[PDB]
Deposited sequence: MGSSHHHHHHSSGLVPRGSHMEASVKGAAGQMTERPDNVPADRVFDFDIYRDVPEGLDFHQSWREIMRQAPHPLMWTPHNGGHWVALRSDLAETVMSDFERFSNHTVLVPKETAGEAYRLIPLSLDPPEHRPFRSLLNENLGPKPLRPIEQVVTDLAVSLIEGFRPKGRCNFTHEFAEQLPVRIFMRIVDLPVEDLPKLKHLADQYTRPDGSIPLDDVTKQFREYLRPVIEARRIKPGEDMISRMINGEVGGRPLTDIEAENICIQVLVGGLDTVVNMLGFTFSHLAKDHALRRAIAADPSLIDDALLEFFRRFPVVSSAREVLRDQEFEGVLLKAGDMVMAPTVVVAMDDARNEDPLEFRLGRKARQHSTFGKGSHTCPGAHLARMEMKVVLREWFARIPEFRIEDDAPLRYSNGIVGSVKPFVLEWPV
């Protein structure tokens, strides 16, 4: 809905809304592939959401994703002058070199070692939820299962009392009640906990960050609060939506479902193919300087969207990427991004998927979409299958 600027050839104009639903009834990733296939250039421009460029080829997307010297994490959301400014929060908004010490802190604290006890936490939660609805023979998977996981897991990582789950779920939902008021509510909740752990440190992630340094100086309360929020939100819709694609797929692909049920040792490799097959995140970058790129002039202040989606779905760099194959000898993808801002929660994401797949298949080996209804999907910063119902015998 914005005026076409003088740095945008009309040859690169296309009708793209990252918030608009997938047309009923294409497959989410198929839809994207058609957008990629119809586009006259690898880099197109859309009047929607402030007006912004979109990288529509794999190599291009990964370049914008990773080349911080030209494309900055200063704004990552569209529209830039509403959502982009609204959600800009250090250190995720930082570029290298400044982003370096924070990246280290994020990556080490969400690593395999300090997340070791989380595995039994995910196991007990998954089991309790599944045993809950198993005798009903049906469930809304997104509301009754997927959505019940990430806040509870976050809360065990940072060691917060389970009584606070509804409060925290409500804040995270309303964050993603004016926004600035939600952030204040986040800090009013988190600051006493951080201050309590400065006095009596434990082994949780807040205590670990507190006893860490970045510039050779301690973290401030502001920085630790920012990181807590970003870690809570960062693993919420991502994990819920990923689980949605995974289980709606299993529901349809009976060949795959029956193999995994009859042989759970397939889960480790199936997992790797679920992360390749179903990229969900579309992040963007801000242009800081006038730059010649892709045969056009990128003005300073321009936004460039670089979806993880266009990476693994590019058939000029991937073999039949819509096909779900356990056989795959090559599985390159950027579902977790590329560059300094590569997802530090990727280990947690894979641990969660594994436990969920293992406990689900132990208990409900055979299931499908109720009445084998068609899937419908949404786009956004995190893509999704709209809420679906699963059914199983007894």
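Residues of the deposited sequence with no modelled C-alpha atom fall in the ranges 1-31, 208-212.
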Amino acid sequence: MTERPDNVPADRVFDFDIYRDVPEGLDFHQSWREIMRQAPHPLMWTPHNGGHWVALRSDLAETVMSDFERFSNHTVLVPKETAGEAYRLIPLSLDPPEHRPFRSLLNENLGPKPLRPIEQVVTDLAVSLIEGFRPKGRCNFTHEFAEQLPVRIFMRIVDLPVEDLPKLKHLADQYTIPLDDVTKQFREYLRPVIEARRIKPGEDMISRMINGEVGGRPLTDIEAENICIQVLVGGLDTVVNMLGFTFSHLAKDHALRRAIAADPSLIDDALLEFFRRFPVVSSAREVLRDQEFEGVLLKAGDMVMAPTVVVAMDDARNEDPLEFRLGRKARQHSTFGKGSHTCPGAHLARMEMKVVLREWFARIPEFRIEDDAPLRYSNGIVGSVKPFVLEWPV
From here on, numbers count along this sequence of modelled residues.
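Comparing 13-21 with 375-383, the stretch with the higher mean C-alpha B-factor in the PDB entry is 13-21. Stretch comparison (126-134 versus 312-320) by mean CA B-factor in the PDB entry places 312-320 on top.
Of the candidates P166, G244, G235, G295, the deposited coordinates give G295 the top C-alpha B factor. You'll see in the entry that, of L288, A255, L219, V151, the Cα B factor peaks at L288.
Remark: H143 belongs to the lowest third of its chain, ranked by C-alpha B-factor as recorded. Sort the chain's modelled residues by C-alpha temperature factor and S93 lands in the highest third, per the entry. Among the modelled residues of its chain, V355 has a C-alpha B-factor that falls in the lowest third according to the deposited record. Sort the modelled residues of the chain by CA B factor and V54 lands in the highest third. Residue-level temperature factors show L326 in the middle third of its chain, judged at the C-alpha atom.
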